[PDB]
Each structure stands twice: as C-alpha cells, then as structure tokens.
C-alpha cells in the first residue's frame, strides 16, 4: 500500500514513477470515486449525528410519550444503515484499486521493460570446465536413484519430487548449513512458523488482492466454518513479516532479524513449457528465508548486508554466481529495490536465479500497521521491511549436483557440508 496522502498531493508524479514498472495508474477513475466518497461521507456523518441526537432526546423524555420519537429514531436508523452500506461498497471499490498498486521503484533501480534489461553488478567464481559430457541433476538423480519424479506424479501430480537416500540427506544438510550460518554468524533469530495463513496475513505482505491465483487455498474446516479460509505459504516471508503486524516497536529493539526453513507452495501459473524437467520450478520447494524489520533510514544498508548474507552461502559452497540488479519492469509487486543471485548451472550453460533480495520500504509496513517509536517521540512512524532467499534449497541442490559431479556420476560433497554429512566425501 502506497501513502494515501502521496496519491492525493502528487498523483501525476506517483503515476510517472509507476509507468517505469509498466503500471498505468487510473488517476481519473480514482479521483471520480474519491469525489463521490466525500459527498457520501458528509451525508452519512450528518445522519450519524442526527440519529445520536434523537436517541439522546428519547433518554431525556423517557425519564421526563416516547412513541412519536421512537418512530423517528427507527426511520433515521434505517436511512443510516442504508447510507453506511452504500458508502462501504464505494470504499471497497477504492481499496480494490489502491491495494492493486505495486510499490514505487527506488531511484537506484535502472529503468527497463523485462529481465533482458536487468544489470549485472558483480560475478564470483569460475564455471568449471569438464573433461566429460555434463549430466543434468535429473540424470544424476536417476543414476543414484535419489530424485524420483515418477513416484511424485503417482503420489500427487506434476511439479512435485520424491528424494530418497543420500540425496534427501544432502538436501537436509544444505538447509541445516544455511540456518546455522544465518543464526550463528549473521545475527538472525530462528523461527518455526505456520505453513497455512489467513487473509489478513496475505493482504499484509501483498499476495492479496492481486495474486490469489499464485497460491494453493484450503477449503474451510466444518468446525471453523467462518475462520479457516487459509492458503499455503508461498514463502516464509509471508508469516515472518506479519509477526510485526499491528505492533509498535521500540526503535532500540530494531533491527529484528528473522530466519526460517519452510516448504513453499506455489501454483506456478503461466509456466507452461518453462522448466518442465527437474527441480527448478516445483509446486513445493524448501527455502531458508531471511527477513529484516528495520528503521526507515537503515533499509538501504540492510539490503546490502542481507544480499551479502545470501552471497556468503554460495561462496562457502564454492558455487560460481553473478549478482544482478533488477530493472523497474522485472521487480516483484512489493519491492522498491531488488538484487537477484544467479548460480551457474553447467547442464543449462547459464546462470539461474537462486535468490531474490528486496527492500520493500514501508509498503508492507503500511498494510500491516507495523510501527516504531523512540521513547521520547510524540508520534510513531512506519518501519521498513526486507526479505531475501538464503537460499532456495532445491535450486541449491541442483547447482551442487551439477557443479560437483564426477565422471562416473558420483557427487563430491562440498568441504563446508562434510561436517553436516558425518565427514562423507562423495555420494556413491
């Protein structure tokens, strides 16, 4: 959610900044609804005042015939409920527009239409030169009997996986290594979160109202008929960021740095023919998430720090990667500034996204009413929120398998992971 006063005082400058993202703000429709809202607001508040007044005149005469007055208060109450219902419907239309507006991109963000306009910032490591034909992670998984896509189709359907034996153990070692790195070295606190969330949570982080189709939704429970319209989380960012919803945080307690390892559920709509083979684009994937709740003046420095925390995972694992600054046209809905990390994938002969690190500014904080204050201060202000993958675990397994494969299909275990695998040097 954008600042409502910024839409009222600078609509053309807001519309111009959003135009860089390829978003067309309908200023005229929004202005026409808002002018009508003011007329109905005055009409309704006048009806509210007169009903409150005639209700007080009844209480006076009751202790001092209240029949001609009771009929008047009943008629006024009928008219008021009707006026309030009409105003509430108009407010819902204004909200449908306002809550579908993406975040204003920061001036640091390069202007572009899509992913082809993204800017490479840095590059780390040298992609390995192989003395044999490169096998992809799918072929390697079949050789070990450790990645079974057909069993997952039998259990569930397409875009799911079953991992078995040492490759499932390795997937676990990766998530353990990531959590330990962020909690022991990077100052993040560990969290266990619900994997099902409510509508308030989804509005809070921006999945609602615009991206319901990106999610798996659960049918309400019989004994919780009106309070169990849940969705499976697409990322730990959703429950972690909402932990500060409706809170006033003492500024001395900031930054609040949180991490979680969770499965992530995504419908992956519009991905027809894209990443059809392998672990890259599943409906269910594990991810170690980093979330930071910071003071408004520290968010740009926090983004650099969090991106470096995700880079550290790739460096310790010895996985070559490139760091990309996303352009205006390739950023996610909530982001004002994003860096993507793209890992070398030998079988694809390219770099593939493994992390996305964003500064959300006060966009989610506004929706959630997540505030901070110094003890002295006469007013609070909205916090800034940040989120970054550290990392998507299935995609890390793909990069590890392909980059560390031996001529006979054996997988060398990266040195940093050997303590997490009882010192094991190779799988196979």
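Residue numbers count along the first chain shown, from 1.
Count the deposited residues lacking coordinates between residue 64 and residue 65 and you get 1 to 3 of them.
Of the two segments examined, 286 to 294 and 119 to 127, it is 119 to 127 that shows the higher average Cα temperature factor in the deposited entry. Per-stretch averaging of Cα B factors for 154 to 162 and 93 to 101 places 93 to 101 on top.
The residue among 190, 214, 200, 108 whose C-alpha carries the highest B-factor in the deposited model is 108. Across 179, 313, 244, 82, the entry's maximum B-factor at the CA atom is seen for 82. In this PDB entry, residue 381 carries a Cα temperature factor that places it within the middle third of its chain's modelled residues. In the deposited entry, the Cα temperature factor of residue 88 sits in the top third of values across the chain's modelled residues.
When the modelled residues of the chain are ordered by C-alpha B-factor, residue 370 sits in the lowest third.
In the deposited entry, the Cα temperature factor of residue 75 places it in the highest third of its chain's modelled residues. When the modelled residues of the chain are ordered by their C-alpha B factor, residue 172 lands in the lowest third.
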